[PDB]
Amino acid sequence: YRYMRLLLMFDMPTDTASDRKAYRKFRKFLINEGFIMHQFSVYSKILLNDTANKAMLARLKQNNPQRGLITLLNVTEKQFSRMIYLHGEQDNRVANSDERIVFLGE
């Protein structure tokens, strides 16, 4: 409908004790914001409208860990749905769907 996906990818350093801590904090942030792990170091977040997207971008700058390479890509649900699984199983978690109605059980 109006939904979009925010795709976030990172490579973050681990040499130092502080940059490990910096990572753990950032990942925690991502999980708490409702990002879901697509692959290691690569996370996606479903968003309802652009209004919500601008807001999340804002929150991301606020919790910038200021280390490594961290990169964001916006795309429509429609575009994301065209993702091609060359191999491996599709992600059928509820969190990864657009569905307004969900049944757990049934």
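Note that residue numbering follows the sequence shown and begins at 1.
For this session: Within this chain's modelled residues, let me know which third the CA B factor of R67 belongs to: lowest, middle or highest.
Result: For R67, the deposited C-alpha B-factor lands in the middle third.
For this session: State the tercile, meaning the lowest, middle or highest third, of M9 with respect to the CA B-factors recorded for its chain.
Result: Ranked within chain, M9 CA B lands in the lowest tercile.
Exercise. Considering only modelled residues of the same chain, in which third does the CA B-factor of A55 rank: lowest, middle or highest?
Worked result: CA B-factor rank for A55: lowest third.
Problem set entry | Assigned third (lowest, middle, highest) for the C-alpha B factor of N74 | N74: CA B-factor falls in the highest third of its chain.
For this session: Relative to the other modelled residues of the same chain, rank the CA B-factor of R82 and answer lowest, middle or highest third.
Result: For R82, the deposited C-alpha B-factor lands in the middle third.
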